[PDB]
Amino acid sequence: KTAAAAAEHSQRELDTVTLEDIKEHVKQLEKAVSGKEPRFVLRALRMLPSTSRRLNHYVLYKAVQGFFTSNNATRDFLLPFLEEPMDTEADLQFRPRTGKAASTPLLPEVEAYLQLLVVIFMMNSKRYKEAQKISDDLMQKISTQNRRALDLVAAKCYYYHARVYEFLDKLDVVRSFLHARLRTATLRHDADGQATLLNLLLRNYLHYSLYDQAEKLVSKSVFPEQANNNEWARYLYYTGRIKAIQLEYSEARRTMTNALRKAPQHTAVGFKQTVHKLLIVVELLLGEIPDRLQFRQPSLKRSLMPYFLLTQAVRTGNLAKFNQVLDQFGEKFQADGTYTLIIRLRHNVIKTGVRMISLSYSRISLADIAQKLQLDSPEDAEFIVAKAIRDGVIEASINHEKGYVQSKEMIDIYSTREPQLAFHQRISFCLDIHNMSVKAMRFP
Amino acid sequence: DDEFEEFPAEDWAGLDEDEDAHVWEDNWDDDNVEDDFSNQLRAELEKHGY
Amino acid sequence: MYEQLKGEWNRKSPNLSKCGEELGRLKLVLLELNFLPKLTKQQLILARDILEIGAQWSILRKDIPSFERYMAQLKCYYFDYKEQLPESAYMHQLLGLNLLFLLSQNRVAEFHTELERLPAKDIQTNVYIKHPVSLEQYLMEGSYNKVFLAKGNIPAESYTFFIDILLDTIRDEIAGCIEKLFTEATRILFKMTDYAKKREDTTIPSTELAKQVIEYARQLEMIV
Amino acid sequence: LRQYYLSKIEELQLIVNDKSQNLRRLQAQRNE
Amino acid sequence: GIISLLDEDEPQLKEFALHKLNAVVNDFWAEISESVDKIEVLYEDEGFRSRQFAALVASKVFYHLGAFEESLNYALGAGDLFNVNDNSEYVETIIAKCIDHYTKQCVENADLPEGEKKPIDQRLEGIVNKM
């Protein structure tokens with residue numbers, strides 16, 4: 001079959017390209033170790049997903065035999081544990097390391113890189129037992145040494161280990177290692193390791209709904225600002241979800257919009273869908289109409305269509321429509337992770353209406369407002385308007401003597417003393433950008 | 001450059017025949033419940049004529 | 001195992017009058033059987049059941065803080081420190097009282113936090129959570145009257161030990177009212193007059209602005 | 001004391017490098 | 001989640017609770033930090049018999065939080081509890097900070113050795129000699 005020969009040729013080409021690339025990342029690691037410049041290791045992490053799957057088990061075994069020519073204890077211990085391949089006559093002699101290069105032991109950076117590559121390979125293989133064992137061995141190998149350069153790849157190593165363990169539903173088991181390793185990173189101040197470790201520690205509670213624990217771990221912990229964009233986006237998403245479930249809404253919405261903007265524009269379709277969905281529910285709960293622009297995006301269309309229906313129903317303020325939409329889409333809502341806040345909406349609907357009325361009018365007779373918001377009582381209207389003022393959604397003082405509902409006054413602080421405070425934040429941020437730019441000029 | 005495999009990627013849920021949507025770009029107030037305009041003035045007017 | 005003997009239930013004003021047949025229950029047995037990780041499945045059987053009645057006791061005795069020293073386990077137990085098997089009170093006549101306490105004070109954080117545990121039967125209802133939950137759904141909007149009216153819908157354990165304790169906050173809250181009805185008082189509350197007993201702009205900020213501007217200048221001319 | 005003595009060396013090595021390339025930056029624009 | 005049990009006034013009961021807690025202190029430190037008041041009060045209560053264990057627990061809590069000065073102080077209050085202890089991450093960090101502190105104090109004496117010497121706790125010297 002010519003198809004089999006073509007596939008074998010393609011696999012051989014991919015393996016050769018991958019060996020060349022692995023040599024390139026090894027050279028990058030050597031340069032970063034020599035010059036204390038982890039920029040190359042950041043590049044390797046950035047391009048790490050691209051090299052997820054281009055080899056085979058036998059190719060990996062031959063590569064490891066050729067590379068770890070040094071009498072490395074890690075390879076010595078790992079080889080017997082690896083399943084012994086069947087006797088094969090075809091064994092290419094791959095000896096890139098000769099003389100000084102061969103004598104020099106292979107760096108733990110390279111060892112971890114190759115190990116995590118095997119992790120990705122047998123991960124797509126879904127080889128959970130060996131994944132876990134290899135992760136544990138990697139954990140011991142990292143713990144033996146205390147070099148910062150290792151953590152650069154070790155962070156994604158932990159990430160992949162956690163992802164493997166999630167399938168096994170062993171989060172309650174991982175938590176111990178996660179907490180301990182976070183403590184160690186904190187005692188060493190490893191920025192990226194800390195970022196990923198905090199992220200996964202939060203993710204555990206999020207899936208297990210230990211929200212009080214999550215609040216503890218978010219408030220008491222400290223997130224360094226120099227973290228990566230992706231980890232920042234994850235942190236913002238999880239924090240936004242926690243706050244939104246926590247009945248605090250303004251900060252949650254602000255943070256969620258900031259994260260969504262920070263999130264990749266074209267990648268992470270599902271994750272972007274989830275973040276948009278949580279932000280949509282939060283906004284609707286906070287009595288603000290969302291942006292209709294999103295609900296037409298092709299990238300996030302069908303995962304939201306139920307939410308488009310929900311937002312239209314809430315705006316129209318039709319109880320029958322809201323009940324029917326819930327009755328039709330409760331299962332999807334549960335699946336998404338928004339049932340609690342939607343149950344909150346199911347009685348908080350009238351807040352959006354009070355906000356819209358108090359924003360469109362400037363003085364409404366209380367009987368008129370009662371007729372507007374279908375309450376059937378001036379007393380009920382008075383209570384509701386007092387509630388609107390209390391919650392801080394409207395800024396009108398109710399005068400229960402002439403049915404007045406007096407809105408705000410004439411020109412506000414936003415033309416008297418507000419613009420200066422507004423400009424101060426902008427100027428601080430711009431100067432900060434400039435200072436970071438100048439201080440990040442160059443090494444040589 | 002991250003796959004950002006947080007975990008989920010919605011599988012289109014109820015993927016069905018395309019509704020064809022509409023290339024026009026529409027704000028929120030676009031779809032409401034109403035009884036047209038001419039009929040509006042018609043149920044209007046009367047009395048003294050509106 | 002001091003098995004039972006606390007079978008006072010019936011009606012001894014103090015669950016066991018003296019802590020002897022009461023607190024003694026655990027006293028130090030508290031330590032004995034395992035309470036930190038099939039095992040003492042019987043201790044598990046009396047889990048905090050050793051004091052479920054004791055938690056009920058506190059409420060059966062206007063002992064309030066207590067539940068706070070109590071939730072620890074009934075919660076751990078009904079939150080299931082470990083999925084066991086016998087849980088017939090907090091899934092029904094109880095927990096929802098924690099819910100009462102989840103606001104009773106006035107706080108909400110928790111009220112809405114734990115409300116994820118009650119997995120799904122919350123909306124599926126159970127006579128229990130339903131009312132403990134209906135209150136906030138029927139109070140957050142501001143429909144204060146939505147409850148007082150039939151607030152007597154208490155299909156569970158007393159709960160009265162806080163339903164009023166909470167119905168108290170409403171009073172103080174609704175009292176909040178364009179601070180600063182003449183003598184007619186609020187019809188949702190009106191005891192008579194015992195409630196009457198109950199009770200920059202013009203200077204441009206010079207120093208702060210000077211500080212901020214000088215900081216601008218400092219950062220502008222600074223480490224070359 | 002490899003746990004600690006090595007702990008201090010890294011604690012005062014990675015940081016001190018940042019004061020190495022900083023010296024060039026201050027050296028670079030000076031000549032310019 | 002257990003401070004509710006810890007609230008009892010039985011000395012032996014509270015000591016039992018604390019020994020139960022110290023197993024999971026390292027993993028529930030997040031919340032436990034909200035329970036610093038009770039532990040600090042218990043340690044301040046000199047009459048308590050398990051003051052050594054209370055000091056150990058509080059030093060551990062502060063170590064997790066990050067206030068290493070407080071963590072070292074609580075270790076010093078603990079005294080001989082960790083002197084036997086030699087091989088562990090928390091003890092390693094504690095000894096790191098305490099040895100650095102002894103370094104600084106000795107340096108201060110060296111720069112100002114004209115009497116008025118700052119009293120170096122005998123526990124510091126004992127731990128330095130252990131190392």
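Parameters and conventions
Residues numbered from 1 in each chain as written, not as in the entry; some residues may be left out. Chains lettered and ligands numbered in written order. Part of a larger assembly, values for the part shown. Heavy atoms only, no water. Residues with missing side-chain atoms left out of burial classes, pairs and counts. Axes fitted to C-alpha atoms, helices over the stretch in contact; angles between N-to-C directions. Helix = DSSP H or I, 4+ residues; strand = E, 2+ residues; numbered from the N terminus. Parallel < 35°, antiparallel > 145°, perpendicular 65-115°, else oblique. Contact = heavy atoms within 4.5 Å. Nonpolar A, V, L, I, M, F, W, Y, C, P; charged D, E, K, R; others polar. Expected span 1.5 Å × (residues − 1). Buried < 20%, exposed > 50% of the residue type's maximum accessible area, 1.4 Å probe, protein only. Patch = residues over 30% accessible without salt bridge, like charges linked within 9 Å, V, L, I, M, F, W, Y side chains within 5 Å. Areas by Shrake-Rupley, 256 points an atom, 1.4 Å probe, with all protein chains shown as cover. Salt bridge = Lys/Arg side-chain N within 4 Å of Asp/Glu carboxyl O. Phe/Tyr/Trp six-rings, centres within 6.5 Å; stacked < 30°, edge-to-face > 60°.

Structure determination for this PDB entry was carried out by cryo-EM, with a resolution of 3.84 Å recorded in the header.

Engineer: Whenever I open this one, the packing of helix α4 (residues 96-104) of chain C against helix α7 (residues 130-137) of chain C confuses me. Can you help?
Structural biologist: Two numbers describe a pair of packed helices, the interaxial angle and the distance between the axes. Residues and elements named next belong to chain C. Between α4 and α7, whose axes approach to 8 Å, the crossing angle comes to 25°. Taken together, the axes of α4 and α7 lie roughly parallel to each other. On α7, the residues that touch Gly96, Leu99, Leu100 and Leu103 of α4 are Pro132, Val133, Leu135 and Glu136. Broken down by class, the residue content of the contact of α4 with α7 amounts to six nonpolar, one polar and one charged.

Engineer: What is the right way to read helix α4 (residues 51-65) of chain E from this model?
Structural biologist: The periodicity of an α-helix, 3.6 residues per turn, causes residues three or four places apart in sequence to face the same way. Taking 1.5 Å as the rise per residue, α4(E) with 15 residues should run 21 Å; its terminal C-alpha atoms sit 21 Å apart, in good agreement. With twelve of its 15 residues buried, α4(E) lies for the most part within the structure. For α4(E), the set of buried residues is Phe53(E), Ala54(E), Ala55(E), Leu56(E), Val57(E), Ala58(E), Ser59(E), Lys60(E), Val61(E), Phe62(E), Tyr63(E) and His64(E). Residues of α4(E) that are buried make contact with α9 (171-188) of chain A together with α2 (11-32), α3 (36-44), α5 (68-78) and α6 (89-111) of chain E.

Engineer: Hey, could you run me through the side chain of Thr186(C) in this one?
Structural biologist: Looking at where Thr186(C) falls in the secondary structure, it is placed in the loop between α9 (160-175) and α10 (194-198). Not counting residues up to four positions away in its chain, the partners in contact with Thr186(C) are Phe383(A), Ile174(C), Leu181(C) and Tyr195(C).

Engineer: How should the interface of chain C and chain A be read in this particular structure?
Structural biologist: Each side of the interface is counted separately: chain C has 33 residues, and chain A has 26 residues. Listing elements by their share of the side of chain C that touches chain A, those giving two or more residues are α5 (109-113), α7, α9 and α11 (206-220) of chain C. The element best represented in the side of chain C that touches chain A is α11(C), accounting for five residues. Its residues assigned to classes, the side of chain C that touches chain A shows 16 nonpolar, nine polar and eight charged.

Engineer: Can you help me understand a nonpolar patch on the surface in this one?
Structural biologist: All names here are of chain A. Where nonpolar side chains cluster on the molecular surface, the patch consists of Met410, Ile411 and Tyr414 and spans about 390 Å² of accessible area. Along the polypeptide, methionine 410 turns up in the loop between β2 (404-406) and α20 (418-439). Residue classification places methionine 410 among the exposed residues on the basis of a relative accessible area of 70%.

Engineer: Teacher, can you tell me more about the packing of aromatic side chains here?
Structural biologist: Two aromatic rings, taken as a pair, are described by how far apart their centres are and by the angle between their planes. This model, assessed by the stated rule, comprises 22 aromatic pairs over all chains. Arranged with centres 6.4 Å apart and planes meeting at 5°, the rings of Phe308(A) and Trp28(B) form a pair that is stacked. Taken together, the positions of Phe308(A) in helix α15 (residues 305-316) and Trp28(B) in the segment before α1 (38-43) put the pair across two chains. We note that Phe308(A), like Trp28(B), is buried. Arranged with centres 5.7 Å apart and planes meeting at 55°, the rings of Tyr43(E) and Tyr74(E) form a pair that is tilted.

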